[PDB]
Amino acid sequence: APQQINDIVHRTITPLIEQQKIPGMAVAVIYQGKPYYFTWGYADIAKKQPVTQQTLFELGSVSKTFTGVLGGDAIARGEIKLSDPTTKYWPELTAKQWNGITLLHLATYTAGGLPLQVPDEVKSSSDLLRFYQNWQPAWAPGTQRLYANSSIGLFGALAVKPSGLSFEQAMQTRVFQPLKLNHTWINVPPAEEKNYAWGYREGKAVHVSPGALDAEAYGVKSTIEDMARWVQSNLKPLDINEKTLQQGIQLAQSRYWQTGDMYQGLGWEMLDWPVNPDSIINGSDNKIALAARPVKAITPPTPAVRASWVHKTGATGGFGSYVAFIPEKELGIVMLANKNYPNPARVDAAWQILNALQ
């Protein structure tokens, strides 16, 4: 890579790895549209397997960006509308608190306090129905944002109903395949297990556990190469040949709600660029990212703004990931690690690198 990129990436990531004691890491910087890869350490400590450009990492909540885009694609296909009430797709949700909660509320965590996690006892579809029927909102719909896997997770599940495809089939055929993300998976196949890194939590090798709506909220695994391609696709949706997917990507970056300096998209979150780094580095900390925040509706939503810092953080028990890009500058970065480490450290590093590249 150009020495400038090499130096800023190495001078930023090396210290990070040492300070956070990250076992393995892969980074992709997209510059002027082209990707540059970097890898360090181990994908599997016990078996001494190094991280490579083919290593699969658990994306955790970065998976929500795929869910948001698949939803946008369904909207573009005319299969669903964000203004549709949730009950249109799950008639069994007859409890009165659901009157007024639309797919937009689910996709943007504004339904009124749906919980962060779907309880572990929820297995079956009937367990899931019971959970949503019995849930009592703390707030009226569209008034407060509370980051929640049970919110966007239900959005993902309902968004694919009309297609008659399973969430996984829809994601593979409508998003992964068209974008040639051939090493991106919701369920890692046996043939690819050789590439699946282990996550590390308190020194122990771990993988994410199965859970209700896991695919929709935090279940994607991918390589640094496929994630770089995912960033390029979101940076330049007009290059995408499949019409509804090009549109879906744009809808995922539309600004639906504003809370402080942040705007909520579908999966993606955005801020105006140039951004105040303290506004995002600090904002990333679960202290602010997962807090209850009043939201102002953007009526109507603002179409994707090129001068934006677009990003998403994600973690599983053993992995920490981060993606950020600036359309206007054709610049982006992906940081994948097999240790969940503080969000602020991720954002600080990404900002240092991207700011240095203009």
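Take the two forms, superpose them, and find the largest set of C-alpha atoms that agree within 1.5 Å; that set is the rigid core. Quick note: we count residues from 1 along the sequence shown, nothing fancier.
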{"item": "Which of 37 to 45 and 290 to 298 strays further in 9 other deposited structures of this protein - Cα RMS after rigid core alignment", "value": "290 to 298"}
{"item": "No coordinates for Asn276 in a third or more of the other PDB entries", "value": "no"}
{"item": "31 to 39 versus 286 to 294 - greater average Cα B-factor per the deposited record", "value": "286 to 294"}
{"item": "304 to 312 versus 54 to 62 - greater average Cα B-factor per the deposited record", "value": "304 to 312"}
{"item": "Per the PDB entry, maximal CA B factor within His105, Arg201, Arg229, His183", "value": "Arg201"}
{"item": "C-alpha B-factor winner, where the candidates are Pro119, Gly153, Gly248, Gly265", "value": "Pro119"}
{"item": "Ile101 - Cα temperature factor, lowest/middle/highest third of chain", "value": "lowest"}
{"item": "Lowest, middle or highest third - CA B-factor, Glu269", "value": "lowest"}
{"item": "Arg145 by Cα B-factor - lowest, middle or highest third of the modelled chain", "value": "lowest"}
{"item": "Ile80 CA temperature factor, ranked by third within the chain", "value": "middle"}
{"item": "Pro23, C-alpha B-factor rank within chain (lowest, middle or highest third)", "value": "middle"}
